[PDB]
Amino acid sequence: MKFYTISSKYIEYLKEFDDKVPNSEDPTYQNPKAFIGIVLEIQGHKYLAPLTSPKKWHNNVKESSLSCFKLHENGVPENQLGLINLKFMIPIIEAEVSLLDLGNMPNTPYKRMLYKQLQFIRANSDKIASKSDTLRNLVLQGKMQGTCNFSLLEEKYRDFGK
Amino acid sequence: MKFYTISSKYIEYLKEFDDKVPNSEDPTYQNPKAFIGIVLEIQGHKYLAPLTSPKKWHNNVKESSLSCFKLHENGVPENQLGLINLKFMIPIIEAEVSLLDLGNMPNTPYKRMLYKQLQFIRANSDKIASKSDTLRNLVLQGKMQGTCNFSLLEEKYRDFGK
Amino acid sequence: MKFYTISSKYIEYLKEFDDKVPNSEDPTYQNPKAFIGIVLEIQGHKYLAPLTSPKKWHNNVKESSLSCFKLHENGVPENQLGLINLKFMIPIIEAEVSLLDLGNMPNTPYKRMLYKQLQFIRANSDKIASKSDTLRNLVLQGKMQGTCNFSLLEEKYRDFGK
RNA sequence: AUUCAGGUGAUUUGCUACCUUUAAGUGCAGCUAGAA
RNA sequence: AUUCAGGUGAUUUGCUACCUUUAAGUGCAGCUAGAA
RNA sequence: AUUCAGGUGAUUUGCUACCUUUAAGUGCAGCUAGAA
Ligand SMILES: [Zn+2]
Ligand SMILES: [Zn+2]
Ligand SMILES: [Zn+2]
Ligand SMILES: [Zn+2]
Ligand SMILES: [Zn+2]
Ligand SMILES: [Zn+2]
Ligand SMILES: [Zn+2]
Ligand SMILES: [Zn+2]
Ligand SMILES: [Zn+2]
Ligand SMILES: [Zn+2]
Ligand SMILES: [Zn+2]
Ligand SMILES: [Zn+2]
Numbered sequence: 001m002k003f004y005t006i007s008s009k010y011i012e013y014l015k016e017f018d019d020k021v022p023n024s025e026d027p028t029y030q031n032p033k034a035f036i037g038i039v040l041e042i043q044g045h046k047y048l049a050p051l052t053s054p055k056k057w058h059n060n061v062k063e064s065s066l067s068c069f070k071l072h073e074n075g076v077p078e079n080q081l082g083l084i085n086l087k088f089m090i091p092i093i094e095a096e097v098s099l100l101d102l103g104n105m106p107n108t109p110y111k112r113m114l115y116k117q118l119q120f121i122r123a124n125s126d127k128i129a130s131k132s133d134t135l136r137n138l139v140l141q142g143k144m145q146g147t148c149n150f151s152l153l154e155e156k157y158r159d160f161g162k
Numbered sequence: 001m002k003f004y005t006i007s008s009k010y011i012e013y014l015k016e017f018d019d020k021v022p023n024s025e026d027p028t029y030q031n032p033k034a035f036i037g038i039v040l041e042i043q044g045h046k047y048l049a050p051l052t053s054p055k056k057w058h059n060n061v062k063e064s065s066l067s068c069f070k071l072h073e074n075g076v077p078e079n080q081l082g083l084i085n086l087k088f089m090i091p092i093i094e095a096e097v098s099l100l101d102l103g104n105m106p107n108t109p110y111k112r113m114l115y116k117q118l119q120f121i122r123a124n125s126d127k128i129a130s131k132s133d134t135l136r137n138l139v140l141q142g143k144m145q146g147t148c149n150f151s152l153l154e155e156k157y158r159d160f161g162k
Numbered sequence: 001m002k003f004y005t006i007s008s009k010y011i012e013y014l015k016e017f018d019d020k021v022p023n024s025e026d027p028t029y030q031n032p033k034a035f036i037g038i039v040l041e042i043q044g045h046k047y048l049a050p051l052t053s054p055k056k057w058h059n060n061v062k063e064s065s066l067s068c069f070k071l072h073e074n075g076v077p078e079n080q081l082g083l084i085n086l087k088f089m090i091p092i093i094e095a096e097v098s099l100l101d102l103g104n105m106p107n108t109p110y111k112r113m114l115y116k117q118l119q120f121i122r123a124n125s126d127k128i129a130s131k132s133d134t135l136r137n138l139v140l141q142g143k144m145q146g147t148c149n150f151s152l153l154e155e156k157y158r159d160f161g162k
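Residue numbers (the deposited numbering), protein chains in the order written: chain B, 1 to 162; chain A, 1 to 162; chain E, 1 to 162.
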């Protein structure tokens, strides 16, 4: 899996249909909001999930939860690295999605953390995909609330360019 | 698996054929003798094994032994909890066997220990069933002595009601 | 697996076809050169690999390498015990191969080390056989150089007695 | 005797794990404490 | 209540693993630093 | 940004494991040392 950004246009568009769709731009955002790379591929839908830095309430989110996949350094649990917000993953269009230029990022604390994250994500691909799959099923079945509207998003998203 | 008692009649009856069959009633017995719940099911035989509180010689009984399955609190080895005496498991008749009313036992040290035991037994079902299976095979094969007479008990036990 | 020696004749013979074939006798050799016992059995070929005591360059040989299987005491990694030189394993003829008389070796530092080695080898039989298998395939495929000439050795070796 | 097989990580120092049936990057150290 | 089943290690003290679906000696200690 | 999905244990607080393909209760804490 990999790190992506998403065009602001395309994020506004999904926001017409679901305010739950993650904010793309914010004055207080140092770097751009980043997404994780095809957490879920099903019925020809490619999903990307939002990354998000630590909040207070992440302490209550237990590992079993389908809402989030908690990140942290490999083998170093006390090094919390934020989480993947699956509850807000969205379907994407290859053309409005862009991979982070990791090969060109200046060596900074951030790019550094991205690699810590990346590796933990790489070694947990499956748990992630597995979680995303189930989250959607449930969401769709009407057994889970307060997530992104998968059903509706999946319906409207490709009508972006019109 | 679960906790059972066995009618005294039926225990006397098997004792006609094998004195090795565990004692059901004793003046020094606080609670009734308790048995563990289908350690072995084979050729339509349901086996229950006797529970037994610590004796001195349980220290010499090594884990590999087929005679006994040593109990102790989950993850707390120094908390020895007696053992399951497979060498004396017997085949039973659903109608002379009775489940302990755990849902109605007053909160006492005993009921408390039963749950410690139960869980350790639950998480080791397989080893237990596995041990019981092998113990019988061997016993039947004539490669093990000083156990209950499985072959003979299996033959005679259903003729209980006559 | 076990410890063997190989007749000097048969070792000279293979040396007619491949100088890479391990030296059998040397003035500086305390004990005879020893071989490990059927590292590989395939298309009716029985392979024995040479043992060899620590050299400087064994530090660069990584575990993944097909060239050698590094020995050392069980659970005691700092106790390097030389390595098995698979890159030089050779096919053998039961009649020119001989098992070391371990049962009759006087208790010496050497015989002592042999058992340390033996056990580590016994507990890794598979990795060894697995490595040998792959090493040959590759060697045969022409993807590996500087080893014994398996293809050529396999062809010529049985013509020993002529 | 025969003096480091080639690969798997958007990164990879040490070891280890895995792939070479054409496929494969885990784990324990170290380093880091980044922020959406 | 009923006082430790045998075995698998060219060697193996304790425990463990494992085998007794015809099979099975792993791991931790302990001892060992040996040489091709 | 967006502030804990429900389950699997004759019992189970905290975490965790597992299940969510109709399935699934593990492990570490803590509590506890009961007796056949
Ligand atoms: Zn939950
Ligand atoms: Zn974790
Ligand atoms: Zn008698
Ligand atoms: Zn035994
Ligand atoms: Zn235990
Ligand atoms: Zn290499
Ligand atoms: Zn090693
Ligand atoms: Zn034994
Ligand atoms: Zn021993
Ligand atoms: Zn949130
Ligand atoms: Zn739950
Ligand atoms: Zn709870």
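Note that CB positions come from ideal geometry on N, CA and C, so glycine has one too.
Checklist line | Collapsed DSSP secondary structure at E63(E) in the structure displayed | finding: In this structure, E63(E) counts as coil in the three-state DSSP scheme.
Check: Roughly how many angstroms separate the alpha carbons of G103(A) and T52(B), rounded to a whole number?
Finding: Rounded to the nearest angstrom, the two C-alpha atoms are 47 Å apart.
Next item on the list: Please list, in chain order, all residues of the same chain as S132(A) whose beta carbon is under 6 Å from its beta carbon, the five residues on each side excluded.
Entry: For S132(A), the CB contacts under 6 Å within the same chain, skipping 5 residues up- and downstream, are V39, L40 and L86 in chain order.
Next item on the list: Quick one: give me the first and last residue of the alpha helix (DSSP H) that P109(A) is part of.
Entry: Counting along the chain, the alpha helix (DSSP H) containing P109(A) begins and ends at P109 to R122.
Note to self: Going by DSSP, what residue range makes up the beta strand (DSSP E) through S8(B)?
What the structure shows: That residue, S8(B), is in no beta strand (DSSP E); its alpha helix (DSSP H) goes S8 to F17.
Margin query: Which residue marks the beginning of the alpha helix (DSSP H) containing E155(B), and which one marks its end?
Written below: Unbroken alpha helix (DSSP H) run through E155(B): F150 to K156.
Next item on the list: Kindly confirm or deny that the region 54 to 70 of chain E and the region 13 to 32 of chain E touch, where touching means at least three C-beta pairs closer than 8 Å.
Entry: No contact exists between the region 54 to 70 of chain E and the region 13 to 32 of chain E.
Next item on the list: Check whether the region 71 to 81 of chain B touches the region 114 to 123 of chain B, taking contact to mean three or more Cβ pairs, one atom from each stretch, closer than 8 Å.
Entry: Taking 8 Å as the limit for Cβ pairs, the verdict is that the region 114 to 123 of chain B does touch the region 71 to 81 of chain B.
Check: Taking buried to mean at least 16 other C-beta atoms within 10 Å of its own C-beta, is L114(B) buried or exposed?
Finding: Result: buried.
Note to self: I need the straight-line Cα distance from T147(A) to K46(A), nearest angstrom please.
What the structure shows: So the alpha carbons of these two residues sit roughly 17 Å apart.
Check: Say the cut is 6 Å; is the CB of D101(A) nearer than that to a heavy atom of ligand 3?
Finding: No, since every heavy atom of ligand 3 falls outside the 6 Å radius drawn around the Cβ of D101(A).
Next item on the list: Leaving aside the five residues before and after residue 164(A) along the sequence, list all residues of the same chain whose C-beta is less than 6 Å from its C-beta, in chain order.
Entry: Summary: the structure shown does not reach residue 164(A), with chain A confined to residues 1 through 162, and so no result is reported for it.
Item checked: Proximal residues to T134(A) (C-beta, below 7 Å), its chain only, five neighbours per side dropped -> Scanning its chain for C-beta atoms nearer than 7 Å, with the 5 sequence neighbours on each side dropped, one finds around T134(A) the residues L66, in chain order.
Notebook entry, point to check: With DSSP run on the structure shown, which of helix, strand or coil describes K87(E)?
Noted result: Secondary structure at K87(E): helix, using DSSP grouped into helix, strand and coil.
Next item on the list: Counting only the same chain and skipping the five closest in sequence on each side, list residues whose C-beta sits under 7 Å from that of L152(A).
Entry: For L152(A), where only same-chain residues beyond five positions count, the Cβ hits under 7 Å are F17 and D18.
Next item on the list: Below 7 Å CB to CB, which residues in the same chain sit around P54(A) once its five sequence neighbours on both sides are set aside?
Entry: Excluding residues within five positions, the ones whose Cβ falls inside 7 Å are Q80 and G82.
Margin query: What I want to know is whether the C-beta of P106(B) ends up closer than 6 Å to one or more non-hydrogen atoms of ligand 5.
Written below: No, Cβ of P106(B) sits at least 6 Å from all heavy atoms of ligand 5.
Next item on the list: Over the uninterrupted alpha helix (DSSP H) stretch that includes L135(E), give me the two end residues.
Entry: That run of the alpha helix (DSSP H) goes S125 to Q141.
Next item on the list: Pull up the distance between the alpha-carbon of residue 239(B) and that of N124(A), whole angstroms please.
Entry: A question about residue 239(B) goes unanswered here, because the residues of chain B that appear run from 1 up to 162.
Next item on the list: Run the proximity test for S130(B): is its beta-carbon closer than 6 Å to any non-hydrogen atom belonging to ligand 1?
Entry: With a cut-off of 6 Å, the C-beta of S130(B) is classified as distant from ligand 1, since no heavy atom of the ligand falls inside that distance.
Notebook entry, point to check: Taking the alpha-carbon positions, what's the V76(A) to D126(A) distance?
Noted result: If you take the alpha carbons of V76(A) and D126(A), they lie about 20 Å apart.
Notebook entry, point to check: What does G75(E) pair with, by DSSP beta-bridge criteria?
Noted result: Looking at the DSSP assignment, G75(E) forms no beta bridge with any residue, so it has no partner.
Margin query: According to DSSP, is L40(B) part of a helix, a strand, or is it coil?
Written below: In this structure, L40(B) counts as strand in the three-state DSSP scheme.
Notebook entry, point to check: Could you give the distance in angstroms between the alpha-carbon of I36(A) and the alpha-carbon of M89(A)?
Noted result: Computed Cα separation, rounded: 9 Å.
Margin query: Please determine whether the Cβ atom of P77(A) lies at a distance below 6 Å from any heavy atom of ligand 5.
Written below: Distance from the C-beta of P77(A) to the nearest heavy atom of ligand 5 is below 6 Å.
Check: To which residues does DSSP link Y47(A) through a beta bridge?
Finding: In the DSSP output, where bridge partners are listed per residue, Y47(A) has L40(A) and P91(A).
Next item on the list: Quick one: using the 10 Å Cβ neighbour count with 16 as the cut-off for buried, is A95(B) buried or exposed?
Entry: Exposed: under 16 other Cβ atoms inside 10 Å.
Check: Under a Cβ-count criterion, where at least 16 other Cβ atoms within 10 Å of its own Cβ denotes burial, should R136(A) be classed as buried or exposed?
Finding: Counting Cβ neighbours within 10 Å, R136(A) comes out buried, since at least 16 surround it.
Next item on the list: Within the same chain, show all residues whose beta-carbon is closer than 7 Å to that of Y110(A), passing over the 5 residues directly before and after it, in chain order.
Entry: Cβ neighbours of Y110(A) beyond the five flanking positions: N31.
Next item on the list: Output yes or no for whether 7 Å exceeds the beta carbon distance between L71(B) and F3(B).
Entry: No, these two residues do not count as a Cβ contact at 7 Å.
Note to self: I'd like to check one pair, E73(A) with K15(A): are the Cβ atoms closer than 7 Å?
What the structure shows: With respect to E73(A), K15(A) sits apart: the two C-beta atoms are not nearer than 7 Å.
Notebook entry, point to check: Measuring CA to CA, which of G161(B), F160(B) and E154(B) is closest to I42(B)?
Noted result: The alpha carbon of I42(B) has as its nearest neighbour, out of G161(B), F160(B) and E154(B), the alpha carbon of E154(B).
Note to self: In whole angstroms, give me the CA-to-CA distance for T108(E) and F160(E).
What the structure shows: Roughly 35 Å separates the two Cα atoms.
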